[PDB]
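One file, work-v9.cif, is given below (mmCIF, C-alpha atoms).
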```cif
data_model
#
loop_
_atom_site.label_atom_id
_atom_site.label_comp_id
_atom_site.auth_asym_id
_atom_site.auth_seq_id
_atom_site.Cartn_x
_atom_site.Cartn_y
_atom_site.Cartn_z
CA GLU A 447 16.02 -0.72 -3.76
CA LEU A 448 15.82 -0.03 -0.02
CA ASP A 449 12.00 -0.16 -0.13
CA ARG A 450 12.40 -3.88 -0.95
CA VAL A 451 14.59 -4.87 2.07
CA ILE A 452 12.59 -7.34 4.14
CA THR A 453 13.61 -8.93 7.44
CA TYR A 454 12.24 -11.88 9.33
CA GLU A 455 12.82 -13.40 12.78
CA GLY A 456 13.33 -17.14 12.91
CA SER A 457 15.82 -19.98 12.86
CA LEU A 458 18.54 -21.09 10.44
CA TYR A 459 18.84 -24.88 10.07
CA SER A 460 22.15 -26.46 9.07
CA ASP A 461 24.52 -29.42 9.68
CA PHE A 462 22.39 -32.01 7.91
CA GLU A 463 24.06 -35.41 7.62
CA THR A 464 22.23 -36.35 4.39
CA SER A 465 20.56 -34.79 1.36
CA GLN A 466 17.44 -36.88 2.16
CA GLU A 467 17.17 -35.53 5.77
CA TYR A 468 17.65 -31.93 4.57
CA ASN A 469 15.04 -32.23 1.83
CA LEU A 470 12.52 -33.99 4.08
CA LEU A 471 12.51 -31.15 6.58
CA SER A 472 12.72 -28.51 3.83
CA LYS A 473 9.67 -30.02 2.09
CA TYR A 474 7.66 -30.30 5.33
CA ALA A 475 8.47 -26.63 6.12
CA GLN A 476 7.31 -25.57 2.64
CA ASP A 477 4.12 -27.68 2.99
CA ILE A 478 3.15 -25.89 6.20
CA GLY A 479 4.12 -22.48 4.72
CA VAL A 480 6.92 -21.51 7.14
CA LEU A 481 10.07 -21.84 4.95
CA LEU A 482 11.48 -18.37 4.17
CA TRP A 483 14.71 -19.24 2.34
CA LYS A 484 16.79 -22.31 1.44
CA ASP A 485 20.00 -23.25 -0.32
CA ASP A 486 20.23 -26.91 -1.42
CA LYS A 487 23.98 -26.54 -2.16
CA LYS A 488 24.67 -25.72 1.50
CA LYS A 489 21.86 -27.85 3.00
CA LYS A 490 20.53 -24.86 4.95
CA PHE A 491 17.13 -23.25 5.31
CA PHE A 492 15.47 -20.56 7.38
CA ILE A 493 12.15 -21.06 9.13
CA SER A 494 9.85 -18.29 10.50
CA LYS A 495 9.80 -17.80 14.27
CA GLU A 496 6.09 -18.61 14.10
CA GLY A 497 6.68 -21.95 12.34
CA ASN A 498 9.81 -23.08 14.15
CA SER A 499 8.18 -25.23 16.87
CA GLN A 500 6.20 -27.27 14.31
CA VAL A 501 9.33 -27.96 12.27
CA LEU A 502 11.21 -29.03 15.40
CA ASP A 503 8.29 -31.28 16.42
CA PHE A 504 8.21 -32.91 12.98
CA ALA A 505 11.99 -33.47 13.08
CA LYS A 506 11.71 -35.17 16.52
CA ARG A 507 8.97 -37.49 15.21
CA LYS A 508 10.67 -37.93 11.80
CA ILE B 549 -20.25 21.46 -9.82
CA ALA B 550 -17.43 18.92 -10.10
CA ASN B 551 -16.81 17.07 -6.80
CA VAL B 552 -13.24 15.75 -7.09
CA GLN B 553 -11.65 12.81 -5.24
CA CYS B 554 -7.85 13.31 -5.27
CA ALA B 555 -5.62 10.30 -4.67
CA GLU B 556 -1.95 9.45 -4.74
CA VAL B 557 -1.34 5.87 -5.78
CA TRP B 558 1.86 4.56 -4.30
CA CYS B 559 3.44 1.79 -6.30
CA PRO B 560 6.43 -0.33 -5.26
CA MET B 561 9.48 -0.33 -7.49
CA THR B 562 10.16 -3.65 -9.17
CA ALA B 563 13.43 -4.82 -7.56
CA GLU B 564 15.22 -4.87 -10.94
CA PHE B 565 14.10 -1.32 -11.58
CA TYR B 566 15.04 -0.24 -8.03
CA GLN B 567 18.52 -1.72 -8.48
CA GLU B 568 19.29 0.41 -11.54
CA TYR B 569 17.55 3.46 -10.06
CA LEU B 570 20.12 3.44 -7.28
CA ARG B 571 23.15 2.75 -9.51
CA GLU B 572 22.39 5.52 -12.04
CA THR B 573 23.15 9.09 -10.90
CA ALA B 574 22.13 11.25 -13.91
CA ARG B 575 18.56 12.40 -14.64
CA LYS B 576 18.21 9.23 -16.72
CA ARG B 577 17.10 7.60 -13.43
CA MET B 578 13.78 9.50 -13.63
CA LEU B 579 12.83 7.14 -16.45
CA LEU B 580 13.20 4.12 -14.15
CA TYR B 581 10.66 5.43 -11.66
CA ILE B 582 8.37 6.62 -14.45
CA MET B 583 8.38 3.31 -16.36
CA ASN B 584 8.33 1.14 -13.25
CA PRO B 585 6.03 -1.72 -14.29
CA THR B 586 3.99 -1.55 -11.05
CA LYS B 587 3.12 2.02 -11.92
CA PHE B 588 2.23 1.08 -15.50
CA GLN B 589 -0.04 -1.70 -14.17
CA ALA B 590 -1.77 0.75 -11.79
CA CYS B 591 -2.35 3.18 -14.67
CA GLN B 592 -3.66 0.37 -16.85
CA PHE B 593 -6.00 -0.82 -14.11
CA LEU B 594 -7.37 2.67 -13.44
CA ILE B 595 -8.12 3.21 -17.13
CA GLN B 596 -10.04 -0.12 -17.17
CA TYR B 597 -11.93 0.69 -13.97
CA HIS B 598 -13.02 4.08 -15.27
CA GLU B 599 -13.74 3.08 -18.87
CA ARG B 600 -16.16 0.46 -17.44
CA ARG B 601 -17.99 3.43 -15.97
CA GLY B 602 -17.93 5.23 -19.31
CA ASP B 603 -15.82 8.03 -17.73
CA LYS B 604 -13.61 10.19 -19.99
CA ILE B 605 -9.97 9.91 -18.96
CA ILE B 606 -6.96 12.02 -19.74
CA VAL B 607 -3.54 10.62 -18.83
CA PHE B 608 -0.82 13.29 -18.52
CA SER B 609 2.83 12.41 -19.09
CA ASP B 610 5.46 15.22 -18.95
CA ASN B 611 7.97 12.91 -20.53
CA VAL B 612 7.71 11.90 -24.24
CA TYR B 613 9.52 8.59 -23.83
CA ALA B 614 6.90 7.64 -21.23
CA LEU B 615 3.98 9.15 -23.16
CA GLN B 616 4.61 6.81 -26.05
CA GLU B 617 5.51 3.66 -24.09
CA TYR B 618 2.24 3.96 -22.19
CA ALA B 619 -0.12 5.09 -24.97
CA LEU B 620 1.06 2.72 -27.70
CA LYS B 621 1.09 -0.27 -25.38
CA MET B 622 -2.45 0.53 -24.14
CA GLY B 623 -3.61 1.39 -27.67
CA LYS B 624 -4.78 4.89 -26.81
CA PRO B 625 -4.27 8.07 -28.87
CA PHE B 626 -1.61 10.49 -27.73
CA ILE B 627 -0.91 14.17 -28.31
CA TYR B 628 2.38 15.96 -27.84
CA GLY B 629 4.40 18.84 -29.36
CA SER B 630 5.02 17.47 -32.88
CA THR B 631 1.47 16.17 -33.28
CA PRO B 632 0.11 18.18 -36.23
CA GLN B 633 -2.85 20.53 -35.75
CA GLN B 634 -4.99 18.23 -37.94
CA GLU B 635 -4.17 15.03 -36.06
CA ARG B 636 -4.54 16.81 -32.70
CA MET B 637 -8.01 18.06 -33.59
CA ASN B 638 -8.95 14.57 -34.89
CA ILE B 639 -8.02 13.06 -31.55
CA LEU B 640 -9.72 15.77 -29.49
CA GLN B 641 -12.89 15.51 -31.53
CA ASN B 642 -12.79 11.71 -31.12
CA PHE B 643 -12.26 12.05 -27.36
CA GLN B 644 -15.11 14.53 -27.11
CA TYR B 645 -17.70 12.87 -29.33
CA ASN B 646 -16.84 9.21 -30.18
CA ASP B 647 -18.03 6.81 -27.42
CA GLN B 648 -15.36 4.26 -28.46
CA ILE B 649 -12.51 6.65 -27.64
CA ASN B 650 -12.69 7.77 -24.02
CA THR B 651 -9.06 7.77 -22.92
CA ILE B 652 -6.30 9.91 -24.41
CA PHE B 653 -2.69 10.67 -23.42
CA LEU B 654 -1.43 14.28 -23.48
CA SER B 655 2.03 15.70 -22.74
CA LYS B 656 3.09 19.11 -21.31
CA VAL B 657 1.64 20.69 -24.47
CA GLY B 658 -1.76 20.42 -22.80
CA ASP B 659 -1.18 23.19 -20.26
CA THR B 660 -1.00 25.71 -21.75
CA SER B 661 -2.26 26.30 -24.34
CA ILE B 662 -4.38 24.50 -26.70
CA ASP B 663 -7.94 23.97 -25.46
CA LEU B 664 -7.62 21.13 -22.95
CA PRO B 665 -10.71 19.00 -23.39
CA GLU B 666 -12.96 18.15 -20.44
CA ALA B 667 -12.74 14.82 -18.68
CA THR B 668 -14.02 13.06 -15.61
CA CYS B 669 -10.69 11.51 -14.67
CA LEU B 670 -7.17 12.87 -14.78
CA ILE B 671 -4.21 10.51 -14.14
CA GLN B 672 -0.70 11.98 -13.77
CA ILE B 673 1.97 9.36 -14.47
CA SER B 674 4.72 11.46 -12.91
CA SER B 675 5.43 13.96 -10.19
CA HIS B 676 8.36 16.41 -10.16
CA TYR B 677 9.99 19.67 -9.15
CA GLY B 678 8.25 21.66 -8.51
CA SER B 679 4.96 23.19 -9.52
CA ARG B 680 2.26 22.16 -7.09
CA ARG B 681 0.34 25.19 -8.44
CA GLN B 682 0.39 24.16 -12.13
CA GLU B 683 -0.98 20.76 -11.05
CA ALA B 684 -4.03 22.21 -9.30
CA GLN B 685 -4.67 24.55 -12.20
CA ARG B 686 -4.65 21.65 -14.67
CA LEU B 687 -6.85 19.55 -12.40
CA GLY B 688 -9.28 22.49 -12.28
CA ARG B 689 -9.30 23.16 -16.06
CA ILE B 690 -9.76 19.51 -17.03
CA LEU B 691 -12.09 17.92 -14.50
CA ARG B 692 -15.84 18.11 -15.02
CA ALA B 693 -18.65 16.38 -13.22
CA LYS B 694 -19.70 13.10 -14.77
CA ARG B 695 -23.38 13.58 -15.67
CA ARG B 696 -24.24 11.41 -10.58
CA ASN B 697 -25.52 14.40 -8.58
CA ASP B 698 -26.38 11.96 -5.79
CA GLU B 699 -22.80 10.66 -5.61
CA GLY B 700 -20.13 11.94 -3.22
CA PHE B 701 -17.48 12.19 -5.98
CA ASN B 702 -18.15 12.71 -9.68
CA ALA B 703 -14.59 13.39 -10.86
CA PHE B 704 -11.21 11.86 -10.05
CA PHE B 705 -7.58 12.91 -9.98
CA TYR B 706 -4.84 10.30 -9.45
CA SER B 707 -1.11 10.97 -9.19
CA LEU B 708 0.98 7.79 -9.51
CA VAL B 709 4.06 7.69 -7.26
CA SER B 710 6.93 5.22 -7.22
CA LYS B 711 7.90 4.14 -3.69
CA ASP B 712 11.56 4.33 -2.56
CA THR B 713 12.30 7.01 -5.16
CA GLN B 714 12.58 10.80 -5.11
CA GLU B 715 8.95 10.86 -6.27
CA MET B 716 7.74 10.42 -2.73
CA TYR B 717 9.17 13.73 -1.48
CA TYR B 718 6.71 15.51 -3.73
CA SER B 719 3.81 13.76 -1.84
CA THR B 720 3.60 15.20 1.63
CA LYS B 721 3.80 18.51 -0.24
CA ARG B 722 1.06 17.73 -2.76
CA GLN B 723 -1.28 16.36 -0.07
CA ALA B 724 -0.91 19.46 2.09
CA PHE B 725 -1.35 21.79 -0.89
CA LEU B 726 -4.43 20.08 -2.36
CA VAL B 727 -6.31 19.84 0.93
CA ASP B 728 -5.40 23.47 1.71
CA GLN B 729 -7.00 24.18 -1.69
CA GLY B 730 -10.16 22.46 -0.49
CA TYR B 731 -9.77 18.97 -1.97
CA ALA B 732 -10.66 15.59 -0.58
CA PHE B 733 -7.39 13.69 -0.71
CA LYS B 734 -6.19 10.19 0.08
CA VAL B 735 -3.26 7.80 -0.36
CA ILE B 736 -3.97 4.45 -2.07
CA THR B 737 -1.31 1.74 -1.53
CA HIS B 738 -3.28 -1.14 -3.00
CA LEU B 739 -5.86 -0.80 -5.73
CA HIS B 740 -8.86 -2.95 -4.85
CA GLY B 741 -8.98 -5.91 -7.23
CA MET B 742 -6.13 -5.36 -9.69
CA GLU B 743 -5.88 -9.15 -9.50
CA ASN B 744 -9.24 -9.53 -11.28
CA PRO B 746 -7.92 -7.79 -14.39
CA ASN B 747 -5.49 -8.92 -17.09
CA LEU B 748 -2.71 -6.32 -16.91
CA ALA B 749 0.61 -6.00 -18.76
CA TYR B 750 4.02 -6.95 -17.29
CA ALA B 751 2.80 -10.03 -15.46
CA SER B 752 6.11 -11.81 -16.22
CA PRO B 753 9.67 -10.93 -15.21
CA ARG B 754 10.81 -11.36 -18.82
CA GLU B 755 8.37 -8.71 -20.12
CA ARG B 756 9.61 -6.33 -17.37
CA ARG B 757 13.21 -7.05 -18.37
CA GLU B 758 12.39 -6.13 -21.97
CA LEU B 759 11.19 -2.71 -20.81
CA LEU B 760 14.16 -2.33 -18.42
CA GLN B 761 16.61 -2.86 -21.32
CA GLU B 762 14.80 -0.20 -23.34
CA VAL B 763 14.91 2.30 -20.46
CA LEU B 764 18.62 1.62 -19.87
CA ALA B 771 19.30 2.31 -23.56
CA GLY B 772 17.72 5.78 -23.25
CA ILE B 773 19.81 8.93 -22.54
CA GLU B 774 19.57 11.85 -20.09
CA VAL B 775 17.81 13.74 -22.89
CA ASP B 778 15.07 11.10 -22.91
CA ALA B 779 14.47 11.80 -19.20
CA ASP B 780 13.90 15.56 -19.55
CA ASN B 781 10.42 16.99 -19.49
CA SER B 782 9.00 18.08 -22.79
CA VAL B 783 9.68 21.80 -23.11
CA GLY B 784 7.40 24.01 -25.27
CA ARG B 785 6.96 27.73 -26.00
CA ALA C 2 20.79 -31.35 12.62
CA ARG C 3 21.49 -27.82 14.10
CA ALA C 4 19.35 -24.63 14.32
CA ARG C 5 20.36 -21.05 15.31
CA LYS C 6 18.17 -17.99 15.91
CA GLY C 7 18.71 -14.91 13.86
CA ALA C 8 17.15 -12.37 11.57
CA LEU C 9 17.01 -13.24 7.90
CA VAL C 10 17.56 -10.15 5.73
CA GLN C 11 16.50 -10.32 2.09
CA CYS C 12 17.77 -7.45 -0.02
CA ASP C 13 19.19 -6.52 -3.40
CA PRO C 14 22.98 -7.07 -4.05
CA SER C 15 23.79 -3.36 -3.66
CA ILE C 16 22.06 -3.30 -0.28
CA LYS C 17 23.82 -6.53 0.76
CA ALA C 18 27.14 -4.82 -0.06
CA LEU C 19 26.14 -1.78 2.04
CA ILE C 20 25.18 -3.92 5.04
CA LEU C 21 28.57 -5.67 4.80
CA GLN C 22 30.19 -2.18 4.88
CA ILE C 23 28.13 -1.35 7.99
CA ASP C 24 29.30 -4.62 9.59
CA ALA C 25 32.96 -3.94 8.74
CA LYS C 26 32.69 -0.57 10.52
CA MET C 27 30.61 -1.53 13.57
CA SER C 28 31.18 -5.34 13.82
CA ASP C 29 28.74 -7.78 15.45
CA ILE C 30 26.11 -7.15 12.74
CA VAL C 31 26.37 -9.90 10.11
CA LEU C 32 26.37 -13.46 11.38
CA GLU C 33 26.46 -15.27 8.02
CA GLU C 34 26.37 -14.44 4.31
CA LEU C 35 23.68 -16.76 2.93
CA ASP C 36 23.53 -15.93 -0.78
CA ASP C 37 23.66 -12.97 -3.23
CA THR C 38 20.44 -11.56 -1.74
CA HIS C 39 20.30 -12.92 1.85
CA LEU C 40 22.15 -12.40 5.13
CA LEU C 41 21.74 -13.72 8.65
CA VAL C 42 22.03 -10.70 10.95
CA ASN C 43 22.18 -10.22 14.72
CA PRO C 44 18.47 -9.78 15.65
CA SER C 45 19.31 -6.93 18.09
CA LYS C 46 20.90 -4.94 15.24
CA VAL C 47 18.11 -5.13 12.63
CA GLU C 48 16.62 -1.74 13.46
CA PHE C 49 20.09 -0.18 13.60
CA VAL C 50 20.85 -1.59 10.15
CA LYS C 51 17.56 -0.27 8.75
CA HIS C 52 18.14 3.21 10.18
CA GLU C 53 21.75 3.27 8.99
CA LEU C 54 20.77 2.17 5.50
CA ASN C 55 18.16 4.92 5.40
CA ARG C 56 20.82 7.48 6.45
CA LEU C 57 23.40 6.18 3.95
CA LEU C 58 20.96 6.36 1.09
CA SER C 59 18.86 9.42 1.99
CA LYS C 60 21.61 11.72 3.32
CA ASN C 61 24.13 11.10 0.50
CA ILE C 62 25.33 14.64 -0.54
CA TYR C 63 25.45 13.44 -4.16
CA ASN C 64 21.68 12.91 -4.51
#
```

Structure re-expressed in structure tokens:
Amino acid sequence: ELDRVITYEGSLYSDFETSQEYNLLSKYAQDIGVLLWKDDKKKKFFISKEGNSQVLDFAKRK
Amino acid sequence: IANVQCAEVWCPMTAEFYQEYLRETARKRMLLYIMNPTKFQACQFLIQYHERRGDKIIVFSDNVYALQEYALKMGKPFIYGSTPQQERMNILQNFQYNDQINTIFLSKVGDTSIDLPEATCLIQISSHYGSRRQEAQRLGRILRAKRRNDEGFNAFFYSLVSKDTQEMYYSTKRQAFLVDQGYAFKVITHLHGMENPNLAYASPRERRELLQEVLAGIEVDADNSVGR
Amino acid sequence: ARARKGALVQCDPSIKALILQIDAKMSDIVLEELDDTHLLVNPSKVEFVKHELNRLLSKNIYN
């Protein structure tokens, strides 16, 4: 269905060195309600434009 | 007399139903927008809302496959072509006089003619090509004022529409026609407080069960009931 | 370790296929295929894609 196509602005995260780093940031993003999509097998996730700065800030504080 | 609120209730297509709706090209696809579980849930909620008010409700289905899937699941009586004269009169007399039976389902056999009973609420499960005028006539014949002279509206017409399907095209048309006929008319996209009721198809698996059944149907199952 | 801006598009498989067809024709639309129901698209092309999808689906002479 076309009526069900949804788009979102934001940022795609990738290039994680470890499963633990990927899941840490993925979990934090879910906790604060800004994670829109993820794929554990690729270690990627997509964060809303609104939430991106908080996720970056958390990453830089670890 | 009767003061009627007219509403279209726009219901999203479940993604699984929308997927098949697109892929299928024959009139069979009408069944996917008719049985769409969001539309069933809207119908179920409206029956609950109105039965709490002790309103009498007729639900019209022009499609027999749909008539039965809805009525039997909601445990309401239904009338269509092959319903015998005896059983039909039993149901109508129950609708009219038994306070425990205030919702019935009727197919295209209702208009016309046997004597359509009176009701305070008329819900049309489907919309199609192309009689805007038969709709208003049926609305007029059926709807009587709930005996609320103070109230703004004492009778209710709802037409349930599946979003992202050919059903919507019939809407700009119906709205224009009904208001031109002197009716108060609105579009409802979200029914206030459906999440406070226990409605069918809450799980994906139950929706998939219905989807399989619809896919098993044929183009004949998607034709309107014809009657002479 | 790396982040890139884009527009996430969530859609059914048949729509994903159609957007890929749009990209093949016009180029510079799809940045990444993410999964069976998700694409990363050029943010400046989102409205184009939505309009084109509407045309493809609504104006099909076999409707």

Checklist entry - Using all atoms listed in the file, what residues lie at most 8 Å away from (14.4, -0.3, 5.1) (file coordinates), given as a list in words? => result residues 448, 449, 450, 451 and 452 of chain A; 51, 52, 54 and 55 of chain C

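Closest approach to residue 2 in chain C among A:474, A:447, A:502, A:459 is made by A:459 (distances from all atoms listed in the file).
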
Checklist entry - chain A residues within 10 Å of chain C, counting all atoms listed in the file: which ones, as an MDAnalysis selection string? => result chainID A and resid 447:464 467:468 482:485 488 490:495 498 502 505

Can I get the selection written as a PDB file, in the frame of the given file, with C-alpha atoms?
```
ATOM      1  CA  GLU A 447      16.020  -0.720  -3.760  1.00  0.00           C
ATOM      2  CA  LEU A 448      15.820  -0.030  -0.020  1.00  0.00           C
ATOM      3  CA  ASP A 449      12.000  -0.160  -0.130  1.00  0.00           C
ATOM      4  CA  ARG A 450      12.400  -3.880  -0.950  1.00  0.00           C
ATOM      5  CA  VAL A 451      14.590  -4.870   2.070  1.00  0.00           C
ATOM      6  CA  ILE A 452      12.590  -7.340   4.140  1.00  0.00           C
ATOM      7  CA  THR A 453      13.610  -8.930   7.440  1.00  0.00           C
ATOM      8  CA  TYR A 454      12.240 -11.880   9.330  1.00  0.00           C
ATOM      9  CA  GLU A 455      12.820 -13.400  12.780  1.00  0.00           C
ATOM     10  CA  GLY A 456      13.330 -17.140  12.910  1.00  0.00           C
ATOM     11  CA  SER A 457      15.820 -19.980  12.860  1.00  0.00           C
ATOM     12  CA  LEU A 458      18.540 -21.090  10.440  1.00  0.00           C
ATOM     13  CA  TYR A 459      18.840 -24.880  10.070  1.00  0.00           C
ATOM     14  CA  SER A 460      22.150 -26.460   9.070  1.00  0.00           C
ATOM     15  CA  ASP A 461      24.520 -29.420   9.680  1.00  0.00           C
ATOM     16  CA  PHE A 462      22.390 -32.010   7.910  1.00  0.00           C
ATOM     17  CA  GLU A 463      24.060 -35.410   7.620  1.00  0.00           C
ATOM     18  CA  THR A 464      22.230 -36.350   4.390  1.00  0.00           C
ATOM     19  CA  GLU A 467      17.170 -35.530   5.770  1.00  0.00           C
ATOM     20  CA  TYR A 468      17.650 -31.930   4.570  1.00  0.00           C
ATOM     21  CA  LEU A 482      11.480 -18.370   4.170  1.00  0.00           C
ATOM     22  CA  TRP A 483      14.710 -19.240   2.340  1.00  0.00           C
ATOM     23  CA  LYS A 484      16.790 -22.310   1.440  1.00  0.00           C
ATOM     24  CA  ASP A 485      20.000 -23.250  -0.320  1.00  0.00           C
ATOM     25  CA  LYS A 488      24.670 -25.720   1.500  1.00  0.00           C
ATOM     26  CA  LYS A 490      20.530 -24.860   4.950  1.00  0.00           C
ATOM     27  CA  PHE A 491      17.130 -23.250   5.310  1.00  0.00           C
ATOM     28  CA  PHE A 492      15.470 -20.560   7.380  1.00  0.00           C
ATOM     29  CA  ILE A 493      12.150 -21.060   9.130  1.00  0.00           C
ATOM     30  CA  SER A 494       9.850 -18.290  10.500  1.00  0.00           C
ATOM     31  CA  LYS A 495       9.800 -17.800  14.270  1.00  0.00           C
ATOM     32  CA  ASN A 498       9.810 -23.080  14.150  1.00  0.00           C
ATOM     33  CA  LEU A 502      11.210 -29.030  15.400  1.00  0.00           C
ATOM     34  CA  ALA A 505      11.990 -33.470  13.080  1.00  0.00           C
TER      35      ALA A 505
END
```

Item to check | Surrounding residues of range 555-560 of chain B excluding itself and chain neighbours under 2 positions, 6 Å, only C-alpha atoms, as a PyMOL selection string | outcome: chain B and resi 586-587+706-711+733-737

Next on the checklist: What would the selection look like, as a VMD selection string, if the PyMOL selection byres ((chain B) within 7 of (chain A)) were run on the coordinates I just shared?
Outcome noted: chain B and resid 563 566 to 567 570 711 to 712
